[PDB]
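All chains are named by letter (A, B, ...) in the order of the sequence lines, taking the proteins before the strands, and each is independently numbered beginning at 1.
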There are 2 protein chains.
Amino acid sequence: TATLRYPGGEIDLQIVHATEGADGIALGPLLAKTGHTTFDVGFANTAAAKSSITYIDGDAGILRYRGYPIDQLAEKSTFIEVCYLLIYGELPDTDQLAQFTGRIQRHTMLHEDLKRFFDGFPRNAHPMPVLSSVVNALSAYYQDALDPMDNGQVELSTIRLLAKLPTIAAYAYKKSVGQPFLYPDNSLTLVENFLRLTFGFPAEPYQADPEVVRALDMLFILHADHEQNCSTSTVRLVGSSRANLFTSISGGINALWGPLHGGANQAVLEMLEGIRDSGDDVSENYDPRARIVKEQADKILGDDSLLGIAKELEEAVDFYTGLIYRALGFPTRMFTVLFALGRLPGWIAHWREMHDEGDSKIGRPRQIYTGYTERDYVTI
Amino acid sequence: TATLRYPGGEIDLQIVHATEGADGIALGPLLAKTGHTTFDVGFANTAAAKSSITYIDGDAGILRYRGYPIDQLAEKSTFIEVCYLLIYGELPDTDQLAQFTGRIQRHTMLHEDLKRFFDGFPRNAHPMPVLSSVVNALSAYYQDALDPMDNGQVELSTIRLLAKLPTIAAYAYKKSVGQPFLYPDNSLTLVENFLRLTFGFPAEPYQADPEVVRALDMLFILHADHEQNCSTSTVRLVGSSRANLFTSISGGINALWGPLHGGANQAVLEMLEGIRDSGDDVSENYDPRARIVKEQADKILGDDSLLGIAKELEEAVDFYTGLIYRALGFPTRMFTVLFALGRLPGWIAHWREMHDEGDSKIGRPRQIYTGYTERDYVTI
Ligand SMILES: O=C([O-])CC(=O)C(=O)O
Ligand SMILES: O=C([O-])CC(=O)C(=O)O
């Protein structure tokens, strides 16, 4: 129990216990019973959900998916195994992984019309716009299984999203440059096949560099879930209205499209580019991922920053992931798209969770009204 | 002041005062200082923003835009005057309205390529999908003024949205049926011109019914803002990341696409349709808008429900708006689109507000972790 005393006064609140981390003080019917609200910029101290998907403690600093630490999955799992784990909450036995992997492998081709629909975008349009556009359009082609309540339908569009979203991001890249779209090769991994779709020409056969593959696969594990989140709390809110799966991911994708969140990688490069386009090099808590990322960065290795890094190791992140992506040949305007591809499983897991609850109710936040109280006067 | 006492105990919280309605108890750095969070399903009792845009008291029951009651604007204003008011926070003098009205009237045509892009959707696709798809695509054609920080750019895409979104919704309708798209007539009102775009053929000239016009214009005033909201808190969250204006509206549009929120009108008709497709008529707080809406409904007047209405006036809303829209010839799958057209000014006003603040910070909600704590075992 807690007790709260407000000018009207005064109230007792249940405490809800967390299997790890901070516990919650359950607001009741806070107004009334009390005619008062909490005010909390950013929702930074408010929790509206229970989930058992990702635990983090930065101070500690821990990141686990379903209890498993990130260093272990990064080093020992795969992006697909991680998709499975996050979504259904356990690691898969050999049959379960293969059948899940099989199910995704057979849904990677888009409807030819949805392929053609890329034709309407302008001559070399930025991929981030194209991808949000195309994801909303999915409901136009896969009307088939859109019922948020029916599962099996959720299952089929969970599959469709995990399979088709890399295909879409690879096509948006091809569109952003002049290049033909390729098709899925059944003989590749999803991640390896994603890399062909992105980088393959019809002028030659494509061989994925294995070091490249493992680097990308790992990096999607590192970015698979991180919640709660701007992006995912957005998937949660839209789903709140019982929006369908696609429409909720799209909202996650739109939230992701902003520099503070999804394009932080892109901001860093932008920092870098300027310098190379101006006179140079002058003056005026550890993440478990960060450390794994520096490691894979130092191997694979930007033209150039490294000075920057060395330079202020002397005198006084998202930074490393940017360099890597660029190192693998990804142009800066694919970074946020790469982010969504990796986060997709988390977006999905949270939405599914949200659905499986005792019953969710729609999101209805408050405000502190700070305006007027007046009468209409005719326009003269 | 308030004081909160928790098992660790115990803390004092500032109170932030509202010019009307409930006041807030400002969470501080709630964890730590305390290692605890609030838990509040739906955010129902939590406020993360101050705004002075819409005040409501349902119990009372009041709805005002910028201090002005809804009955007065509905009966005496226009949808455009209401757009202006909400966004810039005051009613406009004769020059300001005309110049604002002029500015919108000259931006209603889409880029011909963005027009053509409707060609890629399937043969008679539902409008709601098409509209989310096309709104995300705006950033592809109006790269021109996308800087969330630069105003004047915000101004130009505020205009572009208010002008072009009815055009887009009218085209999505035309697409949903077989029909040619028409173009804007400079000699019409936005709302009247919207109705031509929706219902006009090239086989005859279009005359808008004035009773029809006034009915639609009023109805967008009734739906112009209502916040805070699922839909608008979603626009607020996306904007939180500094997403651009279009990407934030798109998120509002996706949140709107769900039965609890934007498609409540559509749910009612769906209730109605079933009956007409099964054996019939059997058994097992006042909104200020509601009342205005019944009034305009009874004049303009569904095949049929009215029995339903009479029938349980005997024995024991969003309902009335559905009948009207259908009465004006709108098919059920335009209802949520009609909803967005009306809400657009509110979406925009809140986003702009959010921007003009001392400085917003990104949305970072919490959770109550309720999961595991385990170690990777190889897949056998
Ligand atoms: O994963 C990242 O790069 C950061 C992130 O999503 C978050 O704070 O949610
Ligand atoms: O306006 C409506 O029809 C209901 C609504 O948006 C809300 O509760 O925010």
Given heavy-atom pairs under 4.5 angstrom as the criterion, report whether the side chain, backbone, both or neither of B:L31 touches chain A.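 Both parts, backbone and side chain.
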
Does A:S133 offer a backbone N or O that forms a donor-acceptor pair with the side chain of B:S133 under 3.5 Å?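 Here the side-chain-to-backbone pair exists.
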
Checking B:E90 against chain A: side chain, backbone, both or neither under 4.5 Å from a heavy atom?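 For B:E90, side-chain heavy atoms alone lie under 4.5 Å from chain A.
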
What closest approach, in Å, do B:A255 and A:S241 show between heavy atoms, and which atom pair accounts for it?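 It is O-OG, 2.9 Å.
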
Just by modelled atom types, is the A:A44 backbone N or O under 3.5 Å from a matching donor or acceptor in the B:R366 side chain?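 A pair under 3.5 Å: yes.
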
What part of B:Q96 is in contact with chain A, defined as an atom under 4.5 angstrom from a non-hydrogen atom: side chain, backbone, both or neither?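 Neither part; nothing is under 4.5 Å.
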
Could you tell me if A:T38 and B:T46 have a donor-acceptor pair between their side chains, going purely by distance under 3.5 Å?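 Side chains of B:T46 and A:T38: pair found under 3.5 Å.
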
Is the closest side-chain heavy-atom distance between A:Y68 and B:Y377 below 4.5 Å?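 SC-SC contact between A:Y68 and B:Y377 confirmed.
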
What heavy-atom pair brings A:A2 and B:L4 nearest, and what distance separates the two atoms?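 Minimum heavy-atom contact is CB-CD1, 4.0 Å.
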
Are any side-chain N or O atoms of B:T19 and backbone N or O atoms of A:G371, one a donor and one an acceptor, separated by less than 3.5 Å?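 Yes, the answer is positive, given that a donor and an acceptor are paired below the 3.5 Å cut-off.
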
Is A:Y141 close to B:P122 at the side-chain level, that is, under 4.5 Å between some pair of heavy atoms?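 Sidechains of A:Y141 and B:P122: in contact.
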
Just do the side chain to side chain donor-acceptor pair (under 3.5 Å) check on A:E20 and B:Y369 with the steps written out, would you? CA-CA 6 Å; A:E20 256 215 280; B:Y369 182 63; over 6 Å; no

Is a side-chain N or O of A:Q367 found less than 3.5 angstrom from the main chain of B:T54, in a donor-acceptor match?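 The answer is yes, because a donor-acceptor pair under 3.5 Å joins these two groups.
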
Taking the side chain as everything from C-beta on, heavy atoms only, tell me whether B:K50 gets closer than 4.5 Å to A:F39.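 B:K50 reaches A:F39 side chain to side chain.
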
Tell me which one of A:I253, A:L256, A:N254 satisfies side chain to side chain contact (heavy atoms under 4.5 Å, CB included) with B:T247.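 Of A:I253, A:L256, A:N254, side chain to side chain contact (heavy atoms under 4.5 Å, CB included) with B:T247 is met by A:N254 alone.
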
Checking A:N45 side chain against B:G28 main chain: does a donor-acceptor pair fall under 3.5 Å?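 Here the side-chain-to-backbone pair exists.
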
With the side chain counted from C-beta on, respond yes when A:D93 and B:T379 share a heavy-atom pair under 4.5 Å apart, and no when they do not.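 Side-chain contact under 4.5 Å: no.
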
Minimum heavy-atom distance B:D376-A:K76, with the two atoms named: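 Distance-wise, the nearest heavy atoms are OD2-CB, 3.9 Å.
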
